[PDB]
>>> print(open('final_2.cif').read())   # mmCIF, N, CA and C atoms
data_work
#
loop_
_atom_site.group_PDB
_atom_site.id
_atom_site.type_symbol
_atom_site.label_atom_id
_atom_site.label_comp_id
_atom_site.auth_asym_id
_atom_site.auth_seq_id
_atom_site.Cartn_x
_atom_site.Cartn_y
_atom_site.Cartn_z
ATOM 1 N N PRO A 805 -12.149 33.905 -154.578
ATOM 2 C CA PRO A 805 -12.742 34.778 -153.560
ATOM 3 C C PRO A 805 -13.640 35.838 -154.179
ATOM 4 N N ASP A 806 -14.694 36.195 -153.444
ATOM 5 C CA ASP A 806 -15.653 37.186 -153.905
ATOM 6 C C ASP A 806 -15.363 38.516 -153.229
ATOM 7 N N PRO A 807 -14.928 39.542 -153.965
ATOM 8 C CA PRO A 807 -14.619 40.829 -153.320
ATOM 9 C C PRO A 807 -15.815 41.488 -152.657
ATOM 10 N N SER A 808 -17.030 41.234 -153.151
ATOM 11 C CA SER A 808 -18.210 41.893 -152.598
ATOM 12 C C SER A 808 -18.435 41.506 -151.141
ATOM 13 N N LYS A 809 -18.261 40.233 -150.814
ATOM 14 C CA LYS A 809 -18.457 39.782 -149.441
ATOM 15 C C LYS A 809 -17.394 40.400 -148.538
ATOM 16 N N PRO A 810 -17.769 40.950 -147.382
ATOM 17 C CA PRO A 810 -16.766 41.578 -146.505
ATOM 18 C C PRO A 810 -15.717 40.615 -145.976
ATOM 19 N N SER A 811 -16.009 39.316 -145.920
ATOM 20 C CA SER A 811 -15.066 38.344 -145.385
ATOM 21 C C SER A 811 -14.128 37.770 -146.439
ATOM 22 N N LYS A 812 -14.339 38.095 -147.716
ATOM 23 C CA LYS A 812 -13.500 37.617 -148.817
ATOM 24 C C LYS A 812 -13.459 36.087 -148.854
ATOM 25 N N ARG A 813 -14.634 35.494 -149.041
ATOM 26 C CA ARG A 813 -14.784 34.049 -149.107
ATOM 27 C C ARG A 813 -15.498 33.654 -150.392
ATOM 28 N N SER A 814 -15.118 32.499 -150.930
ATOM 29 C CA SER A 814 -15.790 31.963 -152.098
ATOM 30 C C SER A 814 -17.198 31.503 -151.725
ATOM 31 N N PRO A 815 -18.120 31.481 -152.695
ATOM 32 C CA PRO A 815 -19.491 31.039 -152.381
ATOM 33 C C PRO A 815 -19.561 29.639 -151.796
ATOM 34 N N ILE A 816 -18.751 28.709 -152.305
ATOM 35 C CA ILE A 816 -18.751 27.355 -151.763
ATOM 36 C C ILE A 816 -18.258 27.363 -150.323
ATOM 37 N N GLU A 817 -17.228 28.161 -150.035
ATOM 38 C CA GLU A 817 -16.765 28.298 -148.659
ATOM 39 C C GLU A 817 -17.840 28.922 -147.778
ATOM 40 N N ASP A 818 -18.612 29.864 -148.324
ATOM 41 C CA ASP A 818 -19.701 30.464 -147.560
ATOM 42 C C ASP A 818 -20.753 29.425 -147.194
ATOM 43 N N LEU A 819 -21.140 28.586 -148.159
ATOM 44 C CA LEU A 819 -22.109 27.534 -147.862
ATOM 45 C C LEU A 819 -21.541 26.516 -146.881
ATOM 46 N N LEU A 820 -20.246 26.211 -146.989
ATOM 47 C CA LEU A 820 -19.629 25.284 -146.044
ATOM 48 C C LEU A 820 -19.629 25.852 -144.631
ATOM 49 N N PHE A 821 -19.364 27.153 -144.493
ATOM 50 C CA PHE A 821 -19.356 27.765 -143.169
ATOM 51 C C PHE A 821 -20.763 27.917 -142.608
ATOM 52 N N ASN A 822 -21.765 28.082 -143.472
ATOM 53 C CA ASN A 822 -23.134 28.198 -142.982
ATOM 54 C C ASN A 822 -23.757 26.841 -142.677
ATOM 55 N N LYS A 823 -23.313 25.782 -143.357
ATOM 56 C CA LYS A 823 -23.887 24.459 -143.134
ATOM 57 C C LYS A 823 -23.549 23.928 -141.748
ATOM 58 N N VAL A 824 -22.312 24.120 -141.302
ATOM 59 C CA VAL A 824 -21.876 23.587 -140.017
ATOM 60 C C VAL A 824 -22.357 24.510 -138.907
ATOM 61 N N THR A 825 -23.066 23.940 -137.934
ATOM 62 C CA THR A 825 -23.586 24.684 -136.797
ATOM 63 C C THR A 825 -23.104 24.023 -135.515
ATOM 64 N N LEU A 826 -22.563 24.827 -134.604
ATOM 65 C CA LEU A 826 -22.050 24.316 -133.339
ATOM 66 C C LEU A 826 -23.187 23.851 -132.436
ATOM 67 N N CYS A 849 -24.418 24.820 -121.792
ATOM 68 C CA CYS A 849 -23.495 24.763 -122.919
ATOM 69 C C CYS A 849 -22.846 26.120 -123.160
ATOM 70 N N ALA A 850 -21.555 26.099 -123.500
ATOM 71 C CA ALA A 850 -20.756 27.299 -123.752
ATOM 72 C C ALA A 850 -20.737 28.246 -122.557
ATOM 73 N N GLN A 851 -20.984 27.726 -121.361
ATOM 74 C CA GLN A 851 -21.025 28.530 -120.146
ATOM 75 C C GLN A 851 -20.592 27.640 -118.985
ATOM 76 N N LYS A 852 -20.876 28.081 -117.758
ATOM 77 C CA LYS A 852 -20.569 27.328 -116.542
ATOM 78 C C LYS A 852 -19.071 27.040 -116.433
ATOM 79 N N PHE A 853 -18.300 28.115 -116.309
ATOM 80 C CA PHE A 853 -16.858 27.999 -116.135
ATOM 81 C C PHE A 853 -16.555 27.500 -114.728
ATOM 82 N N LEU B 558 -42.694 31.508 -111.017
ATOM 83 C CA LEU B 558 -44.033 31.229 -110.530
ATOM 84 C C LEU B 558 -44.096 31.485 -109.024
ATOM 85 N N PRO B 559 -45.279 31.813 -108.495
ATOM 86 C CA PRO B 559 -45.358 32.227 -107.083
ATOM 87 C C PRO B 559 -44.859 31.182 -106.098
ATOM 88 N N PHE B 560 -44.929 29.899 -106.439
ATOM 89 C CA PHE B 560 -44.475 28.846 -105.541
ATOM 90 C C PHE B 560 -43.015 28.466 -105.754
ATOM 91 N N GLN B 561 -42.342 29.060 -106.737
ATOM 92 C CA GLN B 561 -40.961 28.717 -107.043
ATOM 93 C C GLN B 561 -40.004 29.645 -106.307
ATOM 94 N N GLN B 562 -38.904 29.076 -105.812
ATOM 95 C CA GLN B 562 -37.928 29.815 -105.021
ATOM 96 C C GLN B 562 -36.589 29.955 -105.732
ATOM 97 N N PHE B 563 -35.982 28.849 -106.151
ATOM 98 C CA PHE B 563 -34.659 28.867 -106.750
ATOM 99 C C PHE B 563 -34.751 28.664 -108.259
ATOM 100 N N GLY B 564 -33.591 28.598 -108.894
ATOM 101 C CA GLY B 564 -33.512 28.300 -110.312
ATOM 102 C C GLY B 564 -32.238 27.546 -110.609
ATOM 103 N N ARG B 565 -32.284 26.718 -111.649
ATOM 104 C CA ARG B 565 -31.143 25.902 -112.030
ATOM 105 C C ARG B 565 -31.012 25.886 -113.544
ATOM 106 N N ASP B 566 -29.773 25.774 -114.010
ATOM 107 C CA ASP B 566 -29.475 25.747 -115.433
ATOM 108 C C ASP B 566 -29.442 24.300 -115.926
ATOM 109 N N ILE B 567 -28.895 24.095 -117.127
ATOM 110 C CA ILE B 567 -28.899 22.772 -117.746
ATOM 111 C C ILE B 567 -28.106 21.774 -116.909
ATOM 112 N N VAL B 568 -26.998 22.213 -116.320
ATOM 113 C CA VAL B 568 -26.098 21.315 -115.606
ATOM 114 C C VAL B 568 -26.353 21.340 -114.097
ATOM 115 N N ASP B 569 -27.543 21.774 -113.676
ATOM 116 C CA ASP B 569 -27.952 21.755 -112.270
ATOM 117 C C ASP B 569 -27.027 22.612 -111.406
ATOM 118 N N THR B 570 -26.882 23.876 -111.792
ATOM 119 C CA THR B 570 -26.120 24.851 -111.023
ATOM 120 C C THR B 570 -27.014 26.048 -110.741
ATOM 121 N N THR B 571 -27.016 26.503 -109.490
ATOM 122 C CA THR B 571 -27.876 27.611 -109.100
ATOM 123 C C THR B 571 -27.443 28.892 -109.802
ATOM 124 N N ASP B 572 -28.401 29.565 -110.445
ATOM 125 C CA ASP B 572 -28.114 30.820 -111.127
ATOM 126 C C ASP B 572 -29.199 31.867 -110.905
ATOM 127 N N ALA B 573 -30.122 31.642 -109.974
ATOM 128 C CA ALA B 573 -31.153 32.618 -109.652
ATOM 129 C C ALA B 573 -31.665 32.328 -108.252
ATOM 130 N N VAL B 574 -32.202 33.366 -107.611
ATOM 131 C CA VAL B 574 -32.711 33.246 -106.250
ATOM 132 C C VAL B 574 -33.715 34.366 -106.022
ATOM 133 N N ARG B 575 -34.687 34.108 -105.151
ATOM 134 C CA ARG B 575 -35.701 35.087 -104.785
ATOM 135 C C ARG B 575 -35.381 35.654 -103.408
ATOM 136 N N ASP B 576 -35.400 36.977 -103.297
ATOM 137 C CA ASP B 576 -35.070 37.623 -102.035
ATOM 138 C C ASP B 576 -36.104 37.255 -100.974
ATOM 139 N N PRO B 577 -35.679 36.863 -99.769
ATOM 140 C CA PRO B 577 -36.659 36.452 -98.748
ATOM 141 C C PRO B 577 -37.642 37.543 -98.358
ATOM 142 N N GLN B 578 -37.211 38.804 -98.326
ATOM 143 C CA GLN B 578 -38.055 39.894 -97.844
ATOM 144 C C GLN B 578 -38.685 40.690 -98.982
ATOM 145 N N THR B 579 -37.864 41.253 -99.868
ATOM 146 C CA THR B 579 -38.383 42.079 -100.951
ATOM 147 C C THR B 579 -39.012 41.259 -102.070
ATOM 148 N N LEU B 580 -38.738 39.955 -102.123
ATOM 149 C CA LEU B 580 -39.283 39.058 -103.142
ATOM 150 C C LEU B 580 -38.921 39.540 -104.549
ATOM 151 N N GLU B 581 -37.617 39.645 -104.790
ATOM 152 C CA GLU B 581 -37.083 40.032 -106.085
ATOM 153 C C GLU B 581 -36.258 38.888 -106.658
ATOM 154 N N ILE B 582 -36.247 38.790 -107.983
ATOM 155 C CA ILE B 582 -35.552 37.714 -108.679
ATOM 156 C C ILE B 582 -34.155 38.213 -109.031
ATOM 157 N N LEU B 583 -33.141 37.627 -108.401
ATOM 158 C CA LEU B 583 -31.759 38.062 -108.541
ATOM 159 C C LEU B 583 -30.943 37.011 -109.280
ATOM 160 N N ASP B 584 -30.132 37.463 -110.232
ATOM 161 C CA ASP B 584 -29.236 36.585 -110.969
ATOM 162 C C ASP B 584 -27.905 36.452 -110.242
ATOM 163 N N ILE B 585 -27.300 35.273 -110.361
ATOM 164 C CA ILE B 585 -26.020 34.973 -109.734
ATOM 165 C C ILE B 585 -25.026 34.600 -110.824
ATOM 166 N N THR B 586 -23.896 35.304 -110.859
ATOM 167 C CA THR B 586 -22.829 35.030 -111.808
ATOM 168 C C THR B 586 -21.518 34.916 -111.041
ATOM 169 N N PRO B 587 -20.713 33.889 -111.300
ATOM 170 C CA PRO B 587 -19.454 33.740 -110.565
ATOM 171 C C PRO B 587 -18.479 34.859 -110.888
ATOM 172 N N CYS B 588 -17.662 35.203 -109.895
ATOM 173 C CA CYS B 588 -16.667 36.249 -110.074
ATOM 174 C C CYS B 588 -15.577 35.784 -111.034
ATOM 175 N N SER B 589 -14.951 36.749 -111.703
ATOM 176 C CA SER B 589 -14.076 36.450 -112.827
ATOM 177 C C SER B 589 -12.821 35.703 -112.383
ATOM 178 N N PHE B 590 -12.307 34.872 -113.286
ATOM 179 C CA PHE B 590 -11.088 34.110 -113.048
ATOM 180 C C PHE B 590 -10.516 33.696 -114.397
ATOM 181 N N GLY B 591 -9.296 33.179 -114.365
ATOM 182 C CA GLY B 591 -8.655 32.718 -115.580
ATOM 183 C C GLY B 591 -7.185 32.446 -115.346
ATOM 184 N N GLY B 592 -6.529 32.001 -116.420
ATOM 185 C CA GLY B 592 -5.113 31.711 -116.364
ATOM 186 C C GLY B 592 -4.251 32.943 -116.560
ATOM 187 N N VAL B 593 -2.954 32.768 -116.317
ATOM 188 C CA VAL B 593 -1.973 33.839 -116.450
ATOM 189 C C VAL B 593 -0.775 33.297 -117.216
ATOM 190 N N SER B 594 -0.437 33.945 -118.327
ATOM 191 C CA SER B 594 0.717 33.581 -119.136
ATOM 192 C C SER B 594 1.738 34.709 -119.110
ATOM 193 N N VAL B 595 3.017 34.342 -119.114
ATOM 194 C CA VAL B 595 4.117 35.295 -119.050
ATOM 195 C C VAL B 595 4.914 35.197 -120.343
ATOM 196 N N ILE B 596 5.098 36.333 -121.010
ATOM 197 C CA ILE B 596 5.857 36.411 -122.253
ATOM 198 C C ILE B 596 7.207 37.040 -121.942
ATOM 199 N N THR B 597 8.282 36.322 -122.244
ATOM 200 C CA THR B 597 9.627 36.805 -121.983
ATOM 201 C C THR B 597 10.539 36.470 -123.152
ATOM 202 N N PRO B 598 11.521 37.326 -123.439
ATOM 203 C CA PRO B 598 12.605 36.926 -124.342
ATOM 204 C C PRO B 598 13.616 36.061 -123.610
ATOM 205 N N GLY B 599 14.738 35.746 -124.252
ATOM 206 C CA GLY B 599 15.777 35.000 -123.565
ATOM 207 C C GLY B 599 16.271 35.749 -122.340
ATOM 208 N N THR B 600 16.451 35.012 -121.242
ATOM 209 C CA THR B 600 16.891 35.636 -119.998
ATOM 210 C C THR B 600 18.293 36.218 -120.107
ATOM 211 N N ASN B 601 19.080 35.780 -121.089
ATOM 212 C CA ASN B 601 20.394 36.356 -121.332
ATOM 213 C C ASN B 601 20.333 37.628 -122.164
ATOM 214 N N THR B 602 19.159 37.983 -122.683
ATOM 215 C CA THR B 602 18.979 39.181 -123.494
ATOM 216 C C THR B 602 18.460 40.361 -122.681
ATOM 217 N N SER B 603 17.398 40.157 -121.907
ATOM 218 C CA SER B 603 16.821 41.218 -121.093
ATOM 219 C C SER B 603 16.067 40.581 -119.932
ATOM 220 N N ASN B 604 15.481 41.431 -119.090
ATOM 221 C CA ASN B 604 14.680 40.983 -117.957
ATOM 222 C C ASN B 604 13.257 41.527 -118.002
ATOM 223 N N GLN B 605 12.869 42.184 -119.090
ATOM 224 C CA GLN B 605 11.515 42.697 -119.227
ATOM 225 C C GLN B 605 10.562 41.576 -119.617
ATOM 226 N N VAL B 606 9.360 41.603 -119.042
ATOM 227 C CA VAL B 606 8.352 40.585 -119.296
ATOM 228 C C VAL B 606 7.007 41.257 -119.536
#
>>> encode(input="final_2.cif", output="structure tokens")
Amino acid sequence: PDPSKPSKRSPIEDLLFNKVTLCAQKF
Amino acid sequence: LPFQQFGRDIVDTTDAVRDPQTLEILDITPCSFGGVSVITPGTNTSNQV
């Protein structure tokens, strides 16, 4: 984990979370 | 546009309308709703929920 990042995530985890991208209304 | 009256979203649901007299564009949002969950301990312990 990287302490500098506010979310405390590893760089590879950061790229994994940014790579995946997800309507969302009309209940 | 001047010839347009209603509006529809992606799933063909009305979400806008033009006032017949004042000719204003009004948004429509459904009133709030949702589920209700009840949290309780064992009924032999207490009756608070």
>>> resolve_selection(input="final_2.cif", expression="the PyMOL selection byres ((chain A and name CA) within 10 of (chain B and name CA))", output="list in words")
residues 849, 851, 852 and 853 of chain A
>>> resolve_selection(input="final_2.cif", expression="the PyMOL selection byres (((chain B and resi 578-582 and name CA) around 10) and name CA)", output="VMD selection string")
chain B and resid 559 562 to 564 573 to 577 583 to 585
>>> select_by_dssp(input="final_2.cif", residues="chain B", states="strand (DSSP E or B)", output="PyMOL selection string")
chain B and resi 563-565+571-575+582-584
>>> atom_distance(input="final_2.cif", atom1="atom CA of residue A:816", atom2="atom CA of residue A:850")
28.1 Å
>>> atom_distance(input="final_2.cif", atom1="atom C of residue B:571", atom2="atom N of residue B:588")
11.6 Å
>>> select_by_dssp(input="final_2.cif", residues="chain A", states="alpha helix (DSSP H)", output="list in words")
residues 815, 816, 817, 818, 819, 820, 821, 822 and 823 of chain A
>>> atom_distance(input="final_2.cif", atom1="atom CA of residue A:808", atom2="atom CA of residue A:825")
24.0 Å
>>> residues_around(input="final_2.cif", residues="residue B:605", least_positions_apart="3", cutoff="6.5 Å", atoms="all atoms listed in the file", output="count of residues only")
3
>>> axis_aligned_box(input="final_2.cif", around="stretch 560-572 of chain B", padding_each_side="4 Å", output="JSON")
{"center_x": -35.5, "center_y": 26.6, "center_z": -111.4, "size_x": 26.8, "size_y": 18.6, "size_z": 20.7}
>>> decode(input="final_2.cif", residues="stretch 562-581 of chain B", atoms="N, CA and C atoms", output="JSON list (two decimals), in the first residue's frame")
[["chain", "number", "residue", "atom", "x", "y", "z"],
["B", 562, "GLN", "N", -43.09, 19.54, -27.54],
["B", 562, "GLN", "CA", -43.96, 19.67, -26.38],
["B", 562, "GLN", "C", -43.47, 18.85, -25.19],
["B", 563, "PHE", "N", -43.26, 17.55, -25.37],
["B", 563, "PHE", "CA", -42.89, 16.66, -24.28],
["B", 563, "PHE", "C", -41.41, 16.30, -24.36],
["B", 564, "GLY", "N", -40.98, 15.44, -23.45],
["B", 564, "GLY", "CA", -39.63, 14.91, -23.47],
["B", 564, "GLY", "C", -39.62, 13.51, -22.91],
["B", 565, "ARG", "N", -38.66, 12.71, -23.39],
["B", 565, "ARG", "CA", -38.55, 11.32, -22.97],
["B", 565, "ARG", "C", -37.09, 10.97, -22.76],
["B", 566, "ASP", "N", -36.85, 10.06, -21.83],
["B", 566, "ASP", "CA", -35.50, 9.61, -21.51],
["B", 566, "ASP", "C", -35.15, 8.38, -22.34],
["B", 567, "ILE", "N", -34.08, 7.68, -21.95],
["B", 567, "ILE", "CA", -33.59, 6.54, -22.73],
["B", 567, "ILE", "C", -34.64, 5.43, -22.78],
["B", 568, "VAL", "N", -35.36, 5.21, -21.69],
["B", 568, "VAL", "CA", -36.29, 4.09, -21.59],
["B", 568, "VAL", "C", -37.73, 4.53, -21.89],
["B", 569, "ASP", "N", -37.91, 5.65, -22.58],
["B", 569, "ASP", "CA", -39.22, 6.13, -23.02],
["B", 569, "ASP", "C", -40.14, 6.39, -21.83],
["B", 570, "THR", "N", -39.67, 7.22, -20.91],
["B", 570, "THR", "CA", -40.47, 7.66, -19.76],
["B", 570, "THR", "C", -40.49, 9.18, -19.74],
["B", 571, "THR", "N", -41.67, 9.75, -19.56],
["B", 571, "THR", "CA", -41.81, 11.20, -19.57],
["B", 571, "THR", "C", -41.08, 11.82, -18.39],
["B", 572, "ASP", "N", -40.23, 12.81, -18.68],
["B", 572, "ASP", "CA", -39.49, 13.50, -17.63],
["B", 572, "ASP", "C", -39.44, 15.00, -17.84],
["B", 573, "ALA", "N", -40.22, 15.55, -18.77],
["B", 573, "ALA", "CA", -40.28, 16.98, -19.00],
["B", 573, "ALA", "C", -41.59, 17.31, -19.68],
["B", 574, "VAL", "N", -42.04, 18.55, -19.51],
["B", 574, "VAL", "CA", -43.30, 19.00, -20.08],
["B", 574, "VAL", "C", -43.26, 20.51, -20.19],
["B", 575, "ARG", "N", -43.98, 21.05, -21.18],
["B", 575, "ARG", "CA", -44.08, 22.48, -21.39],
["B", 575, "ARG", "C", -45.43, 22.97, -20.89],
["B", 576, "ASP", "N", -45.42, 24.04, -20.10],
["B", 576, "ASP", "CA", -46.65, 24.56, -19.53],
["B", 576, "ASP", "C", -47.56, 25.08, -20.65],
["B", 577, "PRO", "N", -48.85, 24.73, -20.65],
["B", 577, "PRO", "CA", -49.73, 25.17, -21.74],
["B", 577, "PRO", "C", -49.85, 26.68, -21.87],
["B", 578, "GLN", "N", -49.84, 27.41, -20.75],
["B", 578, "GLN", "CA", -50.07, 28.85, -20.77],
["B", 578, "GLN", "C", -48.78, 29.65, -20.69],
["B", 579, "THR", "N", -47.99, 29.45, -19.63],
["B", 579, "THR", "CA", -46.77, 30.22, -19.45],
["B", 579, "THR", "C", -45.64, 29.76, -20.36],
["B", 580, "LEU", "N", -45.75, 28.57, -20.95],
["B", 580, "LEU", "CA", -44.74, 28.02, -21.86],
["B", 580, "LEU", "C", -43.38, 27.93, -21.17],
["B", 581, "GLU", "N", -43.34, 27.19, -20.07],
["B", 581, "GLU", "CA", -42.13, 26.95, -19.32],
["B", 581, "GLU", "C", -41.80, 25.46, -19.34]]
